[PDB]
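Form deposited in one PDB entry, single chain, as C-alpha cells, below.
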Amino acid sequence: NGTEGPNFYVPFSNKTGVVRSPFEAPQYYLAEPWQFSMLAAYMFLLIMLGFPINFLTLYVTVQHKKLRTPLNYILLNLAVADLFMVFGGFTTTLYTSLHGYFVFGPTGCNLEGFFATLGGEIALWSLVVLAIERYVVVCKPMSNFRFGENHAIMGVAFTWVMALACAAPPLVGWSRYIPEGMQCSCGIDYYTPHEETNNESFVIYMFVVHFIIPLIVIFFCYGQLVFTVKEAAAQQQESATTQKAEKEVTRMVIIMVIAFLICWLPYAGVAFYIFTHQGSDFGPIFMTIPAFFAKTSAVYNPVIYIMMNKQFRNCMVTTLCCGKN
C-alpha cells in the first residue's frame, strides 16, 4: 500500500515500478497534475488572504498607541506565528507543488517542517494563553492580582517554549519530519511506526500535551468565564448593557471554541485513527484533509481574534481608509 525510503513514505505501491523519491522527481502517479495545481491555488489563496490580514495587524499596532497594551501582546504573538505559517509553510508548498515534489530535499524538509510546525504550535498555544489570561482578569481566581506587562511577556515566552517542545524534538531523533500527503509539504511523521525515532511515544506525547491539555484548559477557562458573566448579568437584570455584554461574550466563546475544534479535531481525529489502526491504508488526498483545516486557521483565527475585536477593527479601518472613519 506504500513505498518506503530512508527519509520518506510515499502512500503509493511501487508494484508497477513507477514510484520515485519525493525529493527527486514529480509524484504525478500520486495525483494528477491538475490536483497539484489546485493545491498551489489553495496555497496562493492562503498567502494572499493570510499575509495581508496578519501583517496589517502588526502594522496598525505600530500606528495606534491604544493597541499596545499587555492584553494584546498575545494577539500580536498570534499574528507573528500565523506569518511563520505563511512564509515557512505556504510559500514553500506553493513553490514545490508547481514542481510536483519536494525540490528542497531532506534538509529543506526539516527547515520547512520545523518553521511550519513552530508557527502552528505558537498560534495554538497563544489561543490557550489568551483564554488563561482572560480567565484570570474576568473570573478573578486569585486575590490581589493585577495583570500587567511582565505577566503578558511570560505568557508569550510560555508559547514559544511549548512550541519548541513540539517542533524541536523531531530534528534530534524523537519522531521526524517527512513529506506528507502529496509530498509537497513536510510535517511531523505521526502515521508510520519508526522504531528508530520512537514515533509512537512522541505521537502520544503530542496528543496528550499538545491537544487534550489545550482543549481542557480552553474549555475550563472559557467555561468559568461564561459562568461568571452569566451570573453577574442574572444579578443585574436592570442593566440592558450588562445583558447585551453577556449575550455577546457568550457568542464569542462559542465561536472561539467551535473554531478551535474545527482546527485541531481532524488532525487529532486521524492521528488517533492511524495510531489505533496500524495495519491501515491512507491516501495522499486523505492525509491532506487534517492539514487543510489546521492551515486555514492562519486566515480565520485572525478574523475571529482580531478583525472581530472592536478595538483592532477600528484602528484597521482608519489606517486602511487613509485616516479618518
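Position 1 is the first residue in the sequence shown; the rest follow in order. Rigid core here is just the name for the largest C-alpha set that superposes within 1.5 Å across the two forms.
One more form of this protein should be noted, the form deposited in another entry, which is absent from this view; the next part is about it.
In a rigid-core overlay of the protein, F104 has its C-alpha displaced by under 2 Å between the shown form and the other one. Taking the rigid core as fixed, one finds a CA shift for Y305 of 2 Å or more between the shown form and the other one.
In a rigid-core overlay of the protein, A234 has its C-alpha displaced by at least 2 Å between the shown form and the other one.
The pair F275 and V10 approaches in the other entry: their C-alpha atoms are at least 3 Å nearer to each other than in the form depicted.
The Cα-Cα distance between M307 and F55 is lengthened by 3 Å or more in the other entry relative to the form shown here.
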